[PDB]
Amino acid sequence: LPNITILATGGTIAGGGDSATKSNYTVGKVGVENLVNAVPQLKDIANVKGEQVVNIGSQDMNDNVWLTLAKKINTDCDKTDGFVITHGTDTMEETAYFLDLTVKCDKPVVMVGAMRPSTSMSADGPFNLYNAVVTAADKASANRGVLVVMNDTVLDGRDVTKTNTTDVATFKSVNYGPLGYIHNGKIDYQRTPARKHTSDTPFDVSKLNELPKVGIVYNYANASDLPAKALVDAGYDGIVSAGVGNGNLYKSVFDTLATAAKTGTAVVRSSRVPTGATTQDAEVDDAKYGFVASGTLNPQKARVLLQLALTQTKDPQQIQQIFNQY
């Protein structure tokens, strides 16, 4: 068998309910150990070693945890065959993409959570954990980047997102589809990311204790400029716009961000629209204004890349090239 480490961070997968009938519950009661001691079948597929890193709802996920997850993984690379990260579902797609850009252990890194509490009828957690370990142990999983494994499906960390608020089938790669499917403890990979990841990225967080400050502002009919102005006033390093349609902006927000972009703030145009690319060559002349278009990166995911871009450069043209590559 291969050697698999489970790094826990909390989530519903660790969370406990009032009873079997209710999804009013608390997030993150239990640790790595008895997520295992509730799925004895793991003994048949892996040598499983579990360690607690934090115990939180992913809605409170932050840069500190990302830094410590990355450094951990980059350090214990060669004491294990692969990693599984138990995590809340809410911000799983952010963590996954951050680790997809910062981990250099080319070994399998898989993330997993649960949409149902552990104490509920037909709790997804167990079989989800089974299948993340499978993906982690299978050696075909390596060099594909950081993974999310949910509902018998293996998804790439860059394209994966939470598409539904309550459904066990929420996680999908909405633009380019999944990498593989899991039936009977086996995977059929028919796809791999072309965007560079893990050890082909230039990002180094090994010495960092904080990350550049990047916020997100939302666009809509009659949008206030007040949220954009508070991020500039507080000297934010970057701002991602969750634009309307193809990264378009309400004029008031446009004006403020146009100003911010010529005054030491990096501006990435993303979209509130859940699928498809925020392109160049449309309604907004990015060159004139010094903005960067995010492509298929949603706001949250754009934020992740922008922070990392900003650990290297503050020039928009080079941030655009970075957005064209990872």
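In case it trips you up, residue 1 is the first one in the sequence shown, and so on.
Undergrad: Identify the stretch, either 245 to 253 or 121 to 129, whose C-alpha atoms have the larger mean B-factor according to the entry.
TA: Stretch with the higher mean C-alpha B-factor: 121 to 129.
Undergrad: If you average the CA temperature factors as listed in the entry, which stretch comes out higher, 43 to 51 or 57 to 65?
TA: According to the entry, 43 to 51 carries the higher average C-alpha B-factor.
Undergrad: Between 75, 95, 209, 219, which one tops the list for C-alpha B-factor in the PDB entry?
TA: Of 75, 95, 209, 219, 75 has the highest C-alpha B-factor.
Undergrad: By the CA temperature factor listed in this entry, which of these ranks top: 279, 34, 298, 259?
TA: The listed residue with the largest C-alpha B-factor is 34.
Undergrad: Place residue 30 in the lowest, middle or highest third of its chain's C-alpha B-factors, as listed in the PDB entry.
TA: Tercile = highest for this residue's CA B-factor.
Undergrad: Is residue 190 in the lowest, middle or highest third of its chain when residues are ranked by C-alpha B-factor?
TA: Tercile = middle for this residue's CA B-factor.
Undergrad: Going by what the PDB entry lists, where does residue 106 fall on CA B-factor within its chain: lowest, middle or highest third?
TA: Its C-alpha B-factor, which the entry lists for residue 106, ranks in the highest third among residues of this chain.
Undergrad: Would the CA B-factor of residue 14 place it in the lowest, middle or highest third of its chain?
TA: CA B-factor rank for residue 14: highest third.
Undergrad: Among the modelled residues of this chain, does the Cα B factor of residue 38 put it in the lowest, middle or highest third?
TA: Answer is highest: the recorded C-alpha B-factor places it there.
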